[PDB]
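Single-structure report; data block below.
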Amino acid sequence: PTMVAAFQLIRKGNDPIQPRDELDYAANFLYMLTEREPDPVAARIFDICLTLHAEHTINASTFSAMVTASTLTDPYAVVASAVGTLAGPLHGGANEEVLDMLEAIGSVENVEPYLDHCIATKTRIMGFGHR
Amino acid sequence: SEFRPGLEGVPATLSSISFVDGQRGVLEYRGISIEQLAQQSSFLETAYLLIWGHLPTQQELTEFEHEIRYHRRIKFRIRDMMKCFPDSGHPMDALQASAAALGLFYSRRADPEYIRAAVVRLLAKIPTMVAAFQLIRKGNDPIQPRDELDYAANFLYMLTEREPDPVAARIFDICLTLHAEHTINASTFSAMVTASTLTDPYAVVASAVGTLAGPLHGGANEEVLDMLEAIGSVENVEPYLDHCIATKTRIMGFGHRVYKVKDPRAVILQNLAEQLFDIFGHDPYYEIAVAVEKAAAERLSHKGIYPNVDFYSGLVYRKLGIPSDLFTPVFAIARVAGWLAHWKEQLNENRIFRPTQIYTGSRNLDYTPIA
Amino acid sequence: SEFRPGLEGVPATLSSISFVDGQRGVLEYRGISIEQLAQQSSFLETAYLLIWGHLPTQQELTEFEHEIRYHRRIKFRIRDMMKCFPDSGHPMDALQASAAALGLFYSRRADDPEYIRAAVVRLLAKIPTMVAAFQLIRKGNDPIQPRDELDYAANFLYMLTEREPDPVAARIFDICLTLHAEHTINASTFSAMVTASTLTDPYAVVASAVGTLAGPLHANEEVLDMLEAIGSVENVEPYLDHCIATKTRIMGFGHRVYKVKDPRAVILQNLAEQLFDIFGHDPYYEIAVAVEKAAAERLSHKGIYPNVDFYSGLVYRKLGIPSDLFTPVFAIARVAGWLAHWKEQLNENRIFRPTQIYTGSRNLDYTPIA
Amino acid sequence: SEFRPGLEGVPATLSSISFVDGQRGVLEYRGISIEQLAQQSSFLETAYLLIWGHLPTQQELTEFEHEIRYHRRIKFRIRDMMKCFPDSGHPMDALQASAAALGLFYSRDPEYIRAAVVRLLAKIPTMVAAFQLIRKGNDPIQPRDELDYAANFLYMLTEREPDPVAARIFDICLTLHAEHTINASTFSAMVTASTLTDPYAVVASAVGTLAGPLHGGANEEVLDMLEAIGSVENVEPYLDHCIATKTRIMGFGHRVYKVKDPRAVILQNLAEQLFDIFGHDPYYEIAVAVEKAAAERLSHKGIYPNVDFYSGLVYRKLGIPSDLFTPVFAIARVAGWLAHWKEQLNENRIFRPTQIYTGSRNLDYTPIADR
């Protein structure tokens, strides 16, 4: 999370906001990345989500991990290749297009027209469908 | 005939900001008595009525102050570039080059905010930007501006790392309000000239400050304080008065051609200077000033060259304790606001000024090589 | 109680550093006829006539040739600090701030002849280095060492282009600069009169002059843009229809003062013909020639003809001049005028006075908080 | 110096006609509050206060009632001369030419201070109704005095006698229209009537200038928009479209008072009473719906419907011709111009102000062979 908020604020171009070792992990992340002290409920929800983000099916992450794991070189290059392949499909992700469609909702009353258009489009419903 | 040496006296256009009349000593701030507003004036609301053209709303002023606060920050890469500057001279050429920042910072927006935003940006930024020059001139590390301090409060906390009482803050506010407005100025002339092409506000202010330098640049009240210090002993000023009278020069800090009716601004300056030298007691500088003033006043009684603002302002700066060579920066901090108001004015003025003149050289000769 | 708007016709001084006719198109460069001086003159003698005003001798000519070549270098720490600048916008304010630091590199403050000839020659030799650097700098290309082995214009072209210049092209460019080296009393000259009489510092004076050199929206660039966008010009019918609809004089074809088509454009067209003959026939140049012939076929009665800015853009594209360069090129050609100004403007010593009649509100009450 | 451009704020003198203040909506007709004066008054005493300035008795009232009836007719040879006029142009220049001949009949002090006065007072409505019947070809009507002045006007212009309540409402409207602030008509009067030649050409020029900007005024466009209303359900789409138009909303907003001068309030109350008394009709229903919709949004802006909104309504309910509202207003306009001329010749001094000459000079003409 440190290097994460680091690159984030680096994009911003401002001077670094050094973190503190007195805050909780979620609280420290919120503070360092946001320069503001948060409340507890959102942090508990974020921890629960990280738990939801914890485990999945046999991932290409884990696949390539076991693959390079036979080389027995170093965990560093392991995590490196994990990040390298973990990129979204063609630098495009389900969640990114999901938020894009959520923004594309725009108005609400016309939902029936967009619903019918997508029914004509016959795509896995935006915000609906796994493999 | 079309000959007038130096192009002096010709009126140009109906200005709607400054009402300069030397006879009655009447100050009409767009038609408003300077003292009348000044009794209940605020510099922020003053700029609001100057550029926005009228009294704003309370919530409007609060939002403007909040925006100025949030926009007060500075750039790290600029700070790195700042150390790259040379380290020899005075701040004149320093600021002259230093203005160029916005072009590499916030300048691609030739709109509703195109006039509303960049001015507020300059307002919220320029103070610490100018202060950094003196902060760094002696190789001293600078500190970020304050967060819970008022404008002049944060200014003191930065330029001196100390916070004084609010009385001096109100006094400095009044001082800024004093030099706040200016009459027709060659600075304002060049401001209209550059802004006539409707280029921008930022590069306009750039060329304006570039031309703002006087003969060898410098400042006047600084020379006034220099002469006052050079007086030395106060008692022997009368022999010095005669020695200076021998040279047929105007009395230093006295005898302005335009202002010659004992301007009430200078009267209030003397009164507040007495108030300060009372509340904080008189010093050797105060006693020497009083004695020299008495000697000069009893001396002439014939020219009306009176103690102007400059002497009292140098004294007030000493009572504050800042570098004497900073007078031109304060004068600019005052006049640039009026320049911006005049720019807002000339914005509607799509007249495209283009004068003409004469020449009386020789002509109709040939060219001969191997001279 | 009369005052022509725009300060129209204020003969504040009878200038003695130039001469022009404007009726027969006689241009006496301080008394030097246009074609006569343009015949076989090098730049140094012309600059001496412009500023010093004396016909030069071979001795001082070689002296200046050697001395200027010596100070023809740029500071290494200048090359260092400049790396902190960004790389996005137009090079105008960049070149401004670049010329600005001359005070950080000079504090002569005057013998009076010293910083009237020494710092003067320094500033004269200085600017082309900064310009060519910004050319290299703005893109992100490696610098080129300052070289006095080549000619001043040749070295400038070689450095800014990373490819050596040519002698006949150098002569043509020098002639074009000489034509562009002088205009009427300019808004730059207006700022000079606003400042140079006070004689603060010639360095900061030239700085402010170059800063204000940018015009309305910084023009001839748009003219060359229209010329290039033309390309194939078989649609002279829709072009004439749009011209009739606009009811505005086609920019780059017609001016305000010269009502007889100043022969500068005539010499430019003759040189353009010679160059197109020598450097081969560019099909785009052929299309441009056809378009210009079509324009002249209809503009003959109007007396307004395609300005030499067209031929200037033509030579620029033929030489391959960048976009912002033509503005920097114009800044380069004639900025020496501010030098002759400061020489004459400081030769006068009086304070300018801002005077006007304001007609705002006279007396109103400033309410306390209302 | 100082010159408020275009006669912006120059004061003429201490006007001696009436009194009016906008902050509280003070309308003191000859110093008497308009709302107070509006109770139970006839036009005779109001005109006496306007011109003569004295509250009259029943004696001179009956005297004028008889005398006006005596001079209530017009020349038949005048009708024959008018029969030579064309029948295609606008009624404005028609009425202008009609008045243009008053002096030819009555030509050539103390006695000529009430004779042509009362003559013109009785006359003009006859000329108006005559042009009305004339422009098409309907035969004229005999001049009558058995009916009331407004009743006679209605009978003449419409071939139908009016009703008493409608006559009272029309008189109230005329009283509201009786005068405005010192008007452009009054401006031209002051520009001309000081010369003290004759009231005839004075009233002529007053009516001529009374023509609206570009021979039209607000009421024409207001009634045009009212007719264009038609269907009611489309107001909201049109409301948003006009909100995107950025223009003075039709039937909303003027430049005189910021508090909706109670003239319009009395007009709206009378309109409500009248629409209640008479058949409501769908026109008034559409008007009520459109007015409610307009007021639903402009309440924050404080811009109120023009009196012309209710004026067109009253006109259409009565069935007033389109080109008539101009002379309809011109009636009370000349009524005010009466007191304008009365007080105007009292001042006896020619007016010829200066000017700012901006032309060139020192030029000369060349022959046509050179020019």
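No Cβ is skipped: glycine too gets one built from the backbone with ideal geometry, and neighbour counts run over all protein chains shown. Bear in mind these aren't lab numbers, they're just calculated from the coordinates by the rules spelled out.
Applying the selection to region B:36-49, what residues are of a type in the set (A, V, I, L, M) and surrounded by fewer than 17 Cβ atoms within 10 Å (Cβ to Cβ)?
B:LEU44, the sole residue that qualifies.
Check C:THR57, C:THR62 and return the single one that is within 10 Å of chain B (Cβ to nearest Cβ) and hydroxyl-bearing (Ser, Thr, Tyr).
Sole residue among the options that is within 10 Å of chain B (Cβ to nearest Cβ) and hydroxyl-bearing (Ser, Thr, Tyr): C:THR57.
When you scan region C:197-218, do you find a residue that is farther than 30 Å from C:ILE116 by Cα and in contact with a helix residue (DSSP H, G or I) (Cβ under 8 Å, 6 or more places away or on another chain), even just one?
Scanning region C:197-218 turns up at least one residue that is farther than 30 Å from C:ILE116 by Cα and in contact with a helix residue (DSSP H, G or I) (Cβ under 8 Å, 6 or more places away or on another chain).
Search region B:145-187 for residues being away from chain C (no Cβ under 14 Å) and among the acidic types (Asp, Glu), and hand back the single one that is surrounded by the most Cβ atoms within 10 Å (Cβ to Cβ).
Looking at the filtered set, the residue picked out is B:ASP173.
Quick one: in region C:287-302, of everything that is under 20 Å from C:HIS255 (Cβ atoms) and hydrophobic (A, V, I, L, M, F, W, C), which residue is surrounded by the most Cβ atoms within 10 Å (Cβ to Cβ)?
My answer is C:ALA295.
Among the residues of region C:36-48, which ones are in contact with a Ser or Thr (Cβ under 9 Å, 6 or more places away or on another chain) and more than 9 Å from chain B (Cβ to nearest Cβ)?
Once the filter is applied, which keeps residues that are in contact with a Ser or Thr (Cβ under 9 Å, 6 or more places away or on another chain) and more than 9 Å from chain B (Cβ to nearest Cβ), region C:36-48 yields C:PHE43, C:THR46.
Conditions: (1) closer than 26 Å to B:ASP283 by Cβ; (2) not in a helix (DSSP H, G or I). B:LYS260 meets all but one. Number of the miss?
(1)
Could you list, ordered by first residue, the pairs with Cβ atoms under 7 Å in which the first is in region C:188-213 and within 7 Å of chain B (Cβ to nearest Cβ) and the second is aromatic (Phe, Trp, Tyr) and assigned to a helix (DSSP H, G or I), at least 6 apart or interchain?
These pairs meet every condition: C:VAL194/B:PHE189.
All but one of (1) part of a helix (DSSP H, G or I); (2) within 14 Å of chain C (Cβ to nearest Cβ) hold for D:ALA332; state the number of the condition that does not hold.
Evaluating D:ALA332 over (1) part of a helix (DSSP H, G or I); (2) within 14 Å of chain C (Cβ to nearest Cβ) leaves (2) as the failure.
Among the residues of region A:15-35 satisfying the criterion of being surrounded by 13 or more Cβ atoms within 10 Å (Cβ to Cβ) and in a loop (DSSP other than H, G, I, E, B), which is nearest to the other protein chains (Cβ to nearest Cβ)?
A:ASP15
Which residue, of B:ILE68, B:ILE78, is over 16 Å from C:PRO86 (Cα atoms), of a type outside the set (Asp, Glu) and more than 8 Å from chain C (Cβ to nearest Cβ)?
Within the list B:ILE68, B:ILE78, the selection yields B:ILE68.
Residue-wise test of (1) in contact with a helix residue (DSSP H, G or I) (Cβ under 9 Å, 6 or more places away or on another chain); (2) within 12 Å of chain B (Cβ to nearest Cβ).
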| position | (1), (2) |
| --- | --- |
| C:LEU275 | yes, no |
| C:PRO283 | no, no |
| C:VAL308 | yes, no |
| C:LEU339 | yes, no |
| C:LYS343 | yes, no |
| C:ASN349 | no, yes |
| C:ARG362 | no, yes |
| C:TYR366 | yes, yes |
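If you take the residues in region C:91-132 that are charged (D, E, K, R), surrounded by fewer than 20 Cβ atoms within 10 Å (Cβ to Cβ) and within 14 Å of chain B (Cβ to nearest Cβ), which one is nearest to C:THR161 (Cα to Cα)?
Filtering first and then ranking leaves C:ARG108.
Out of the residues in region C:343-370 that are aliphatic (A, V, I, L, M) and crowded, with 16+ Cβ neighbours inside 10 Å, which is farthest from C:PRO113 (Cα to Cα)?
Among residues in region C:343-370 that are aliphatic (A, V, I, L, M) and crowded, with 16+ Cβ neighbours inside 10 Å, the one farthest from C:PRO113 (Cα to Cα) is C:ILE357.
Quick one: is B:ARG299 out of contact with any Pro (no Cβ under 9 Å at 6 or more places or on another chain), among the basic types (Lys, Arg) and within 14 Å of chain C (Cβ to nearest Cβ)?
no
Which ones in region D:295-329 are hydroxyl-bearing (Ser, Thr, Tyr) and either assigned to a helix (DSSP H, G or I) or closer than 21 Å to D:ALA47 by Cβ (or both)?
Correct list: D:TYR310, D:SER311, D:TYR315, D:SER322, D:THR326.
Mind checking which pairs have a first residue in region D:14-30 that is closer than 18 Å to D:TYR48 by Cα and a second that is part of a loop (DSSP other than H, G, I, E, B) and of a type in the set (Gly, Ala, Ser), Cβ under 7 Å, 6 or more apart or different chains?
D:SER18/D:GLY31; D:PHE19/D:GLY31; D:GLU28/D:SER18; D:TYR29/D:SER18; D:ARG30/D:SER18; D:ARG30/D:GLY53
Which residues, counting only those in region B:207-224, are assigned to a loop (DSSP other than H, G, I, E, B) and under 14 Å from the mean Cα position of the chain (by Cα)?
B:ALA213, B:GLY214, B:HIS217, B:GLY218, B:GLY219, B:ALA220
What residue, among those in region C:50-90 that are polar (S, T, N, Q) and assigned to a loop (DSSP other than H, G, I, E, B), is surrounded by the most Cβ atoms within 10 Å (Cβ to Cβ)?
C:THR57
Just to check your reading of the model, which residue among D:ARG108, D:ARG4 is on the phi > 0 side of the Ramachandran plot, over 25 Å from the mean Cα position of the chain (by Cα) and in a loop (DSSP other than H, G, I, E, B)?
D:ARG108
When you go through (1) under 25 Å from B:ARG24 (Cα atoms); (2) assigned to a helix (DSSP H, G or I) one by one for B:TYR285, which number turns out not to apply?
(1)
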